[PDB]
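Since the structure comes first, as structure tokens, the remarks are kept for the end.
Below, read A as the first sequence line, B as the second, and so on, with proteins coming before strands; counting in each chain starts at 1.
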Amino acid sequence: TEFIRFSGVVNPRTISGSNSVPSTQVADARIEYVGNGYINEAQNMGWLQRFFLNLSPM
Amino acid sequence: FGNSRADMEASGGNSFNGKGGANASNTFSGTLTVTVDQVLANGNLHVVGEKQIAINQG
């Protein structure tokens with residue numbers, strides 16, 4: 001399952017004739033594209049590798 | 001000048017080479033909608049803005 005979430009603030013005089021706004025005209029743009037399932041689990045780093053990436057000397 | 005009592009032969013050299021330099025650069029391209037948070041005494045506008053994206057991992 002994939003989730004696309006969006007939040008922002010729009011100025012009405014920027015809405016086109018077809019009731020549409022490009023996302024570059026939204027003020028406090030919060031965009032999110034995430035997912036779940038094992039396809040998403042196969043893209044998190046292992047806890048040991050995550051620990052090493054932060055605490056390894058080099 | 002007998003017995004090579006006046007013969008002579010000498011050599012000498014000297015060299016030096018120094019150099020240096022530096023440079024810097026930067027670019028930036030995009031679009032972002034900001035908001036007015038204060039109107040100054042001469043009509044200028046103080047603007048602030050933030051955009052947050054989250055593509056699938058971070």
Original post:
Hey, is CD1 on A/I39 packed in by over 12 heavy atoms from elsewhere, all under 6.0 Å?
Top reply: no
**OP:** First locate atom CD of B/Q52, then atom OG of A/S7, and finally report the distance between them rounded to the nearest 0.5 Å.
**Re:** 10.0 Å
Original post:
According to a 4.5 Å side-chain heavy-atom criterion applied to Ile, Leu, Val, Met, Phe, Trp and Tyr, with indirect links allowed, do A/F52 and A/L55 form part of one hydrophobic cluster?
Top reply: yes
Subject >> Same apolar cluster (I L V M F W Y, side chains within < 4.5 Å links), A/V9/A/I15 >> reply: no
Original post:
chain B: which of A/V26, A/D28, A/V34 shares the most heavy-atom pairs with it under 4.5 Å?
Top reply: A/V26
**OP:** Decide yes or no for B/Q57 and A/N40: does some side-chain heavy atom of the first lie under 4.5 Å from some side-chain heavy atom of the second?
**Re:** yes
Original post:
Can you name the closest pair of heavy atoms from B/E50 and A/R30 and give their distance?
Top reply: O-NH1, 3.5 Å
Original post:
Same hydrophobic cluster for B/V47 and B/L32, using side-chain heavy-atom links shorter than 4.5 Å among ILVMFWY?
Top reply: yes
**OP:** Take B/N56 and A/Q43, measure what side chain to side chain contact (heavy atoms under 4.5 Å, CB included) needs, and give me the verdict at the end.
**Re:** CA-CA 9 Å; B/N56 159 230; A/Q43 288 164 196; 3.3 Å; yes
Original post:
Do any of residues 33-43 of chain B have a heavy atom less than 4.5 Å from a heavy atom of chain A, and if so, which, in residue order?
Top reply: B/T33, B/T35
Subject >> Same apolar cluster (I L V M F W Y, side chains within < 4.5 Å links), B/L45/B/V48 >> reply: no
**OP:** Evaluate whether atom CG of A/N19 has more than 12 neighbouring non-hydrogen atoms of other residues, nucleotides or ligands under 6.0 angstrom away.
**Re:** no
Subject >> Heavy atoms from other residues, nucleotides or ligands near CZ of A/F3 exceed 12 (cutoff 6.0 Å) >> reply: yes
Original post:
In terms of hydrophobic clustering (I, L, V, M, F, W, Y; side-chain heavy atoms under 4.5 Å; direct or indirect links), are A/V10 and A/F6 co-clustered?
Top reply: yes
